[PDB]
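**Student:** sequence, then the experimental structure. Questions to follow.
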Amino acid sequence: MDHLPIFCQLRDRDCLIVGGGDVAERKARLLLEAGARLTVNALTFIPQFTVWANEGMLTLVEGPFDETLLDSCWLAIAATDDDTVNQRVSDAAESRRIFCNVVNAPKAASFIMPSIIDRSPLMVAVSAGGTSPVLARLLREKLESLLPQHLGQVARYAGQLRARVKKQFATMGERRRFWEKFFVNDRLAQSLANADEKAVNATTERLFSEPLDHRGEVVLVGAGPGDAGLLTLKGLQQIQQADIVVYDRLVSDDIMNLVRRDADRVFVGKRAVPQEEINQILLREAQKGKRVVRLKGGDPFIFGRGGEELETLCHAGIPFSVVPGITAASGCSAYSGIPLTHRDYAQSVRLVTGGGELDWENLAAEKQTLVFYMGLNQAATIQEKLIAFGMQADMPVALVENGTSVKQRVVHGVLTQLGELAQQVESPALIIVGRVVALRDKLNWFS
Amino acid sequence: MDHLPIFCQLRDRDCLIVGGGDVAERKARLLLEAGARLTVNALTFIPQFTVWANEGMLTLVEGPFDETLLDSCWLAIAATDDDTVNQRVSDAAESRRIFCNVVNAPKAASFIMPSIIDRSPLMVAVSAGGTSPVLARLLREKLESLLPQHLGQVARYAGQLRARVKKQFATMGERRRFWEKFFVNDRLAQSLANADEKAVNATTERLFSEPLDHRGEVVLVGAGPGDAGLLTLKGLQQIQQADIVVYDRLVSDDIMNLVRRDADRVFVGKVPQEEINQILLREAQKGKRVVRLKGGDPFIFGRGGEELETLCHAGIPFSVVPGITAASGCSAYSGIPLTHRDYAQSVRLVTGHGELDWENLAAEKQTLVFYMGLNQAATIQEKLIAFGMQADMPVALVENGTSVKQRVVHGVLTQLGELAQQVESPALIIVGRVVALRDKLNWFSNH
Ligand SMILES: Nc1ncnc2c1ncn2[C@@H]1O[C@H](CSCC[C@H](N)C(=O)O)[C@@H](O)[C@H]1O
Ligand SMILES: Nc1ncnc2c1ncn2[C@@H]1O[C@H](CSCC[C@H](N)C(=O)O)[C@@H](O)[C@H]1O
Ligand SMILES: [Cl-]
C-alpha cells in the first residue's frame, strides 16, 4: 500500500492554505465544505477570497509565507505557483508533523487529495498516487452516475433503524437481504428527500411487513430516442436495479446492453400485440414481488399509451413511479440542427400524430413549428392539405429517420416536395414543418 | 461533507497504537503495509505482535498507556477495550494536534479508517462514518465488481510515462487527450496483463505518434428541469470533463454539484446574450472545453439559436446535448401525462413574454403548455374563454417541477388568474383535460 486513506474530521480544526489563486480557491472550498477553520496566506487574493472573508467564512493573511501561521494547524496545503514557496511550506509542515499537500507536486507532499464522491455521511474517494489524474476523473464520473444523490439521506435513516432491523431479522443473511432492499427502494429515497413523513413511515413499515422475498414495484422509464448517452442518470440507475425489464423495439440495442445481465428481459414488440396483456405482464410480475422496469422509447407520457398502464397498477396497490425521457422531437431537433423555437420564427411547437379526424385549418396557421409523430403513413394527405389551406408553398419541411442514432438520415426540402421526400425514408421518422427547418444549414453538428 | 478524505504518506513516520488485541492487530497490519514506523503500547499482546517485533517491523512497549509516546507521532489509534483508556488517548492526541482513531467510537475520533479497494497504485476508499457500516460493505463489494483486476497495471504504466508525456506535449489539453485514449485502449490493457513488452511498445509508439487535435469546443448541455437525476449520461460526461461551465438561474443547485471540482464556473442572470456569446467565443478560442449549461432543453424556448452562429461564423466546433424539457419533466412529476387515449392527442408548447393566435390555442382535444406565462395568466384565461374553451377546463400550475420544492396548484380555467397568484417563477401552466388524471397518477409527494 503506497498511501493510507483516512477520512478526516475537520470541524473547528485549524487548517492552512498558502496561495490565493484559483487552485487555492478550489482547495479552500473543499476544506470549508468539511467545516475547517481556515486561514489563507498569500501575496494576493482573487476576489472570491475577499467575499468569503466578508461573509466571515475564512481568514486572510496578506503577505509572504509565515511559518508561524502553522503553529496550531492540523493540515497544510501549498497551492501557489512558486516551487520555492511550496517547498518552504512543505518543509515547515514536516518539522511540525503536519500533513501537507502540494497541489502541483503530489510526491513532494505527505498527503494527496483524491477525487471525491460526496453522498455524506457516505463518501467515496479515488486516487492512484498522482500516477493518473485522468483515470481518477474517469472513475469519479462513473461513480457519480451510479450513486443517487439522495443515497446519503437513506444512509442516515438506516443508522437510526439498525436497532429495529437487528431486533427483527435473526440471521445476518436475513438482515443483509433487508438492507439490500432498503437501499434501492425509491419511494423511500424520494420520501426522505421531499421530507414527507407520512410516506416515510408508510414505506418504512411496508418494508418491514411484506416478506423478505417481495419487493414489488413498477417503474416507467423513458429510454429517449436512440442514443444510449441520452438515457437519464435515474433511468440508468433504475435499469441496473431491476429484476425484469419489459421493452419494445423502439428501445435501441445500446440501451439494452446497459441492462445488467442477471435481469430477465421480456420483449413485447412487433415482429411482422395489444396493450391489454402488456398491462397484465407488469401486473403479474409486480405481484410476484419483482422490481419491474417498463422501458419505452422517448418519453413515456408523449404518445406512449403509458398512462393507461398506470391506472391499472394504481387499482391493485402496486407502487410505481415514472422517469421521463428525451422525446423524439427534442432529440431530432438537437441532432439534426433544427431548433423547435427561435426568435421571430415560431411562437409555439405542436406535437401531433397521424387515431381519428384532425383539424387542418389549425395545423396550417403560420408562426408554428409542426412535428408529426407516426406520420409517414398518412404523409401524402399532409402535404396537399396544408397547401390547400393557404400555407406557403415554400415552407421548409424535414424528415429525420432514426434520430440521434449512428443511422440517422435527414431529408429536407420544401412543403411542395413533402410526399417525394417522404418514402426516401422509413419508420421510425419525424416530419418537421416550419421556418426553423431552414437553420439546419448553420446549426448541424452531427457527423 | 462530514469527513475529508486524504491519502497519507506514512513511510518513515511514527504512529502509535494503544491496545494489543485483534482489533489492534488489524489496524497494525494496515499501518505496516503503508510503511509506518509503528509503536504498539499495551498491557498484553496477541501472538502476531510478538511475531512482528522479532522481524523488527514494530516496537512493542509493554505496560499501561504512556502519553509521552505520542510526542513524535503523526497518527494515533486507540484500540483498547477499555473506553476510559481510549479517551485518555484521544485526549492526549487532541492537545498535540494528532489525528486519532478510536475503534469503538467513530463520532469520537478525528479520523475514520475506511473500507479499501486496492488496485495498486489505484485505490478506492468507501465509508459511511459509522452511521451505516453495511452500506459501506454492500458498496465496497459492488465497487469490487466494476474495477477490472488488471487496472493497477494500467495505472502503474501511466506513472512511468508521465515524464515522457509532459516532455512531448506542450499543453494541458494535449496531455489530457493522450491520457483519454490511453485509459480506454483494451489491447494495451491485456498486453500489460500478459507482460508482452513488444506489443506494449508497438501500441505505445503509435499512440504517441497520433496527431492530437488542438481545438476548443462549446457544448450546449440541457440540465433538465431541476432534478439532478434527469441529466443525461452524455450531459454528465460533459460537465465532469469541462474546463469552464457557464450556467443560469434555472440550473438547480444539485446539478452544479455534478460539475467537476476543478472547472471554472461563470454565472449569467439579469447578463444578456452578446456577453454570453463572447464569453463562450473567447474561452473556446483559447482551446478550453466550454460547456454552456441551460435549464430544460437548449432548443425549446432556449434562446440558443443564435449563440451557435456566432461560433459557426468563427470556426469553433460545437455540439448539443438535449435535455428533459420542463413540459415532460413536470408532466411526469405531477402525475399529468401530456397525451392520453381519449383526453388529448396533440401537445402545444407556447411562450408568454402579430401576437398569439388564440383561435388556434383554444381548439379541442389538445394539451396546452405555457412557458413563462405566469405574469400573463389573467390574459391567457380571458383569451381562451373568448375563443371557446369551456369554462371548466382543468388547469394546473407546476412550480419548481421535479425539485424537492415542487408545488402544484390546480383547478378550472375560470380560476387561472387566482391560481397564478399562489405560485411564483419558475412555473408551467398546463391546460387541458389530462390535468384530471393527476388523481390517479400522482406518485410524487405533497409539495
Ligand atoms: N429515433 C427516432 N427518430 C425519428 N422518429 C422517432 C424516433 N423515435 C420515435 N420516433 C417517432 O415516434 C413515433 C412512435 S410514438 C412513441 C413516442 C415516444 N414515447 C417519444 O416521446 O418520442 C414513431 O412512429 C416516430 O414517428
Ligand atoms: N422546473 C420547472 N418547473 C416549472 N416550470 C419550469 C421549470 N423549469 C423551467 N420552467 C419554465 O420554463 C421557463 C423558462 S424558458 C426555458 C425552459 C427550458 N428551455 C426548457 O426546455 O424547459 C420558465 O419561465 C418556466 O415557465
Ligand atoms: Cl492519480
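**Tutor:** Arrived safely, thanks for sending. Residues are numbered from 1 along each chain as shown, chains lettered A, B, ... in the order given. Ligands and ions are numbered 1, 2, ... in the order given.
**Student:** can you list the domain ranges for chain A.
**Tutor:** A:1-113, A:216-326, A:330-443 (automatic domain parsing).
**Student:** measure the second one end to end?
**Tutor:** What that stands for is domain A:216-326. Start and end residues of domain A:216-326 are separated by 27 Å (Cα to Cα, to the nearest Å).
**Student:** closest to residue B:396 out of the domains of chain A?
**Tutor:** Across those, the minimum distance to residue B:396, taken as Cβ to Cβ, is reached by domain A:216-326, at 13.8 Å. To be clear about C-beta, it is placed using only N, CA and C from the backbone, and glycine gets the same treatment.
**Student:** what about that closest one, near ligand 2?
**Tutor:** No: using Cβ under 6 Å from any ligand atom, domain A:216-326 never reaches ligand 2; the gap is at least 11.1 Å.
**Student:** repeat for stretch A:363-371
**Tutor:** No: judged by Cβ under 6 Å from any ligand atom, stretch A:363-371 stays clear of ligand 2, getting no closer than 13.8 Å.
**Student:** output that stretch as PDB, nothing but the C-alphas.
**Tutor:** Listed in PDB are the C-alpha atoms of stretch A:363-371, where the atom choice follows Å, rounded to 0.1, in the frame of the first residue of the first chain:
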ATOM      1  CA  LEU A 363     -52.400  23.000 -38.400                       C
ATOM      2  CA  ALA A 364     -51.900  25.300 -41.400                       C
ATOM      3  CA  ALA A 365     -51.500  28.500 -39.400                       C
ATOM      4  CA  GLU A 366     -48.200  30.400 -39.500                       C
ATOM      5  CA  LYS A 367     -45.600  31.100 -36.800                       C
ATOM      6  CA  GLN A 368     -45.700  27.500 -35.800                       C
ATOM      7  CA  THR A 369     -43.300  24.500 -35.700                       C
ATOM      8  CA  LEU A 370     -45.100  21.300 -36.600                       C
ATOM      9  CA  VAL A 371     -43.800  17.900 -35.500                       C
END
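**Student:** how about that stretch: buried residues?
**Tutor:** Counting neighbours by 16 or more other Cβ atoms under 10 Å in any protein chain shown, one finds that the buried residues in stretch A:363-371 are A:363, A:364, A:365, A:367, A:368, A:369, A:370, A:371.
**Student:** wait, which of those residues is closest to chain B?
**Tutor:** Proximity of those to chain B, judged by Cβ to the nearest Cβ, is greatest for residue A:365, which lies at 5.3 Å.
**Student:** now that closest one, what are its backbone angles?
**Tutor:** Note on residue A:365: backbone dihedrals following degrees, to the nearest 10 are phi -70, psi 150.
**Student:** residue A:333 too?
**Tutor:** Backbone geometry at residue A:333, expressed as degrees, to the nearest 10, gives phi -50, psi -60.
**Student:** and whichever residue of the stretch 251-400 of chain A sits closest to ligand 2, how close does it get to residue B:166?
**Tutor:** Residue nearest to ligand 2 within the stretch 251-400 of chain A (Cβ to the nearest ligand atom): residue A:330, separated by 8.1 Å. In this structure, residue A:330 and residue B:166 are separated by 42 Å, where distance is defined by Cβ to Cβ, to the nearest Å.
**Student:** residue A:272 now?
**Tutor:** 59 Å.
**Student:** the more surrounded of these two?
**Tutor:** Looking at residue A:272 and residue B:166 with other Cβ atoms under 10 Å in any protein chain shown, you find the greater number of neighbours at residue B:166, namely 11 against 2.
**Student:** surely residue A:24 is in a helix?
**Tutor:** Yes: using DSSP: H, G, I helix; E, B strand; the rest coil, the assignment for residue A:24 is a helix.
**Student:** list the contacts for it?
**Tutor:** With Cβ atoms under 8 Å, 6 or more residues apart in numbering or on different chains as the criterion, the residues that contact residue A:24 are A:17, A:18, A:40, A:42, A:49, A:77, A:79, A:80.
**Student:** near ligand 1, which residues of chain A?
**Tutor:** Within reach of ligand 1 by Cβ under 6 Å from any ligand atom, chain A has these residues: A:225-226, A:250, A:296-299, A:302-304, A:327-328, A:332, A:373-374, A:400-404, A:427-430.
**Student:** among those, which lie within strands?
**Tutor:** Secondary structure assignment (DSSP state E) places A:296, A:400, A:401, A:429, A:430 from these within strands.
**Student:** can you count the residues close to the closest residue to residue A:342 other than its chain neighbours?
**Tutor:** With Cβ to Cβ, 6 or more residues apart in numbering or on different chains as the criterion, residue A:342 has its nearest non-adjacent residue at 4.0 Å, and that residue is residue B:305. By the criterion of other Cβ under 10 Å, residue B:305 has 19 neighbours.
**Student:** how close does residue B:305 get to residue A:334?
**Tutor:** The span separating residue B:305 from residue A:334 equals 12 Å under the rule Cβ to Cβ.
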